[PDB]
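Residues in the sequence shown are numbered from 4 upward in steps of one, following the deposited numbering.
Encoded as structure tokens, the structure appears first; notes follow it.
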Amino acid sequence: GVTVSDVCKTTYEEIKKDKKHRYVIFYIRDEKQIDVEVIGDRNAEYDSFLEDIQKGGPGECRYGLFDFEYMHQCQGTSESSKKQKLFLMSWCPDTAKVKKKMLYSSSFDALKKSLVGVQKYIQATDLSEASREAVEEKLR
């Protein structure tokens with residue numbers, strides 16, 4: 004079905020390997036290809052990511068990649084330390100047209116095969132599933 008532009012992979016790798024950015028928002032351009040829409044600078048925080056993934060309005064869907072920071076403590080140790088983990092999310096609000104929602108759903112696997120290494124996936128249809136609390140519970 005839908006292809007993936009090489010720019011999705013290079014932007015992704017600049018985060019994983021070089022820590023150059025904090026997040027990316029992707030979109031399907033003209034029902035043909037997944038492209039980059041927004042690149043968050045490394046110092047960005049999560050609220051901005053959430054405001055960017057919804058910036059297309061209630062008729063739109065998006066994908067998002069975020070290098071999420073949280074606190075973790077390994078068994079038997081005496082301290083808790085900050086960690087970070089990449090996750091890839093699909094965002095399809097209920098107000099979007101079924102056709103658009105289905106296309107973003109069917110094309111999600113094409114994007115995941117392109118971003119080798121991501122270990123955590125989330126499919127949200129409302130903000131309750133994309134909150135810091137929902138994500139932190141997922142990344143554990």
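We put the CB at the ideal spot given by N, CA and C, even for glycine.
**Report entry** Contact belief for residue 19 with residue 89 at Cβ below 8 Å, rounded distance in angstroms
**Finding:** Position 16 of the sequence shown holds residue 19. Position 86 of the sequence shown holds residue 89. Confirmed, about 6 Å.
Given this structure, state the Cα-to-Cα distance separating residue 97 from residue 66, to the nearest angstrom. By one-based count along the sequence shown, residue 97 stands at place 94. By one-based count along the sequence shown, residue 66 stands at place 63. So the alpha carbons of these two residues sit roughly 15 Å apart.
- Message: Just verifying my parser: in three-state terms, what is the DSSP assignment at residue 8?
- Response: On the sequence shown, residue 8 is found 5 positions in, with the first residue counted as 1. Coil, per DSSP.
Which residue or residues does DSSP assign as beta-bridge partners of residue 127?
The residue labelled residue 127 in the question sits at position 124 within the sequence shown. In DSSP, residue 127 forms a bridge with 94.
What are the boundary residues of the beta strand (DSSP E) that residue 39 is part of?
The residue labelled residue 39 in the question sits at position 36 within the sequence shown. Run containing residue 39: 36-44, per the beta strand (DSSP E) assignment.
Next item on the list: Output the distance between the C-alpha atoms of residue 129 and residue 95, rounded to the nearest integer angstrom.
Entry: Within the sequence shown, numbered from 1, the residue matching residue 129 stands at position 126. Within the sequence shown, numbered from 1, the residue matching residue 95 stands at position 92. Taking the straight line joining both Cα atoms gives about 8 Å.
Item to check | First through last residue of the beta strand (DSSP E) which encompasses residue 72 | outcome: Position 69 of the sequence shown, counted from the start, is the residue given in the question as residue 72. Counting along the chain, residue 72 sits inside the beta strand (DSSP E) bounded by residues 65-75.
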